[PDB]
Protein chains: 2
Amino acid sequence: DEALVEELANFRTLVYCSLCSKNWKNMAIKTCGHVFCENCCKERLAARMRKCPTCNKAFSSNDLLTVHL
Amino acid sequence: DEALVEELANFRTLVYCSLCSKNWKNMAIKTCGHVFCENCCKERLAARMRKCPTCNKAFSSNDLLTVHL
Ligand SMILES: [Zn+2]
Ligand SMILES: [Zn+2]
Ligand SMILES: [Zn+2]
Ligand SMILES: [Zn+2]
């Protein structure tokens with residue numbers, strides 16, 4: 001049933017990191033509340049891109065918080 | 001198909017507050033990383049239960065962070 005596939009698809013994108021789509025959300029940026037996987041957060045730090053992918057608010061490594069589920 | 005229902009069920013419990021099961025996760029406790037809905041977090045504060053439901057680490061209203069997805 002396709003309506004159930006669609007609901008599976010929406011819930012999946014809520015759970016997974018929106019940047020890689022391969023890892024679960026497990027890291028929040030404390031300055032804006034947006035959540036990604038830790039891998040993507042640190043690659044963005046290693047690339048000196050210190051703006052949030054979603055809302056472009058600025059942040060640093062201290063603003064990173066490990067989050068569960 | 002039941003395997004798809006099951007996957008829907010697991011993803012749903014990842015997204016929803018585990019305490020009420022009615023609201024989306026949208027609030028993290030900064031002292032331990034566990035995430036609930038804001039409603040449950042504040043009712044627990046109004047009941048002077050200042051221990052995390054999941055890991056029993058202690059927290060207060062300042063340790064609360066609004067989180068998105
Ligand atoms: Zn990622
Ligand atoms: Zn943000
Ligand atoms: Zn709740
Ligand atoms: Zn906890």
Side-chain angles (χ1 to χ4, degrees), chain A residues 2-47 49-56 58-69, chain B residues 2-47 49-56 58-69:
Chain A
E2 183 61 28
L4 146 72
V5 160
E6 178 185 44
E7 205 178 311
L8 190 58
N10 295 329
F11 275 122
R12 224 200 148 86
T13 81
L14 285 180
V15 169
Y16 279 75
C17 172
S18 73
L19 300 177
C20 63
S21 301
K22 330 188 177 36
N23 290 318
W24 280 7
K25 290 187 168 70
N26 68 2
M27 169 139 300
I29 304 172
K30 285 198 292 224
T31 43
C32 60
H34 293 121
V35 187
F36 305 103
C37 76
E38 187 189 18
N39 251 283
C40 291
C41 279
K42 298 213 163 194
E43 261 171 22
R44 293 220 157 211
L45 284 182
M49 306 184 56
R50 313 183 229 95
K51 292 167 183 308
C52 173
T54 290
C55 73
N56 217 246
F59 79 96
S60 62
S61 325
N62 275 27
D63 299 328
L64 300 191
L65 173 79
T66 293
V67 135
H68 299 277
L69 280 72
Chain B
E2 183 61 28
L4 146 72
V5 160
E6 178 185 44
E7 205 178 311
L8 190 58
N10 295 329
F11 275 122
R12 224 200 148 86
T13 81
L14 285 180
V15 169
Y16 279 75
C17 172
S18 73
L19 300 177
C20 63
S21 301
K22 330 188 177 36
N23 290 318
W24 280 7
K25 290 187 168 70
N26 68 2
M27 169 139 300
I29 304 172
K30 285 198 292 224
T31 43
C32 60
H34 293 121
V35 187
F36 305 103
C37 76
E38 187 189 18
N39 251 283
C40 291
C41 279
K42 298 213 163 194
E43 261 171 22
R44 293 220 157 211
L45 284 182
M49 306 184 56
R50 313 183 229 95
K51 292 167 183 308
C52 173
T54 290
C55 73
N56 217 246
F59 79 96
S60 62
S61 325
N62 275 27
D63 299 328
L64 300 191
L65 173 79
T66 293
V67 135
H68 299 277
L69 280 72

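Labels below follow one simple rule: chain letters A, B, ... track the order of the sequence lines, proteins then strands, and each chain is numbered from 1. Computation of the quantities below employed the complete heavy-atom set of this structure, encompassing side-chain atoms and omitting hydrogens, waters and symmetry-equivalent molecules.
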Query raised in the report: With the 4.5 Å side-chain cut-off for hydrophobic clustering, are B:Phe59 and B:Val67 part of the same group?
Result: no
Query raised in the report: Listed by residue number, which members of residues 13-21 of chain A have a heavy atom under 4.5 Å from any heavy atom of chain B?
Result: A:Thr13, A:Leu14, A:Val15, A:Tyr16
Report summary line: Rounding to 0.5 Å, atoms CG (B:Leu65) and CG (A:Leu65) come to a distance of 7.0 Å
Requested in this report: Return each pair, listed once, that meets salt bridge (charged side-chain N to carboxylate O under 4.0 Å, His left out) where at least one residue sits in residues 9-23 of chain A; pairs must be two or more places apart or across chains.
Outcome: A:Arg12-B:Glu7
Query raised in the report: Any side-chain heavy atom of B:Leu69 sitting closer than 4.5 Å to one from A:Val35?
Result: no
**Report entry** Qualifying residues under salt bridge (charged side-chain N to carboxylate O under 4.0 Å, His left out), relative to B:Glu38, sequence neighbours excluded
**Finding:** none
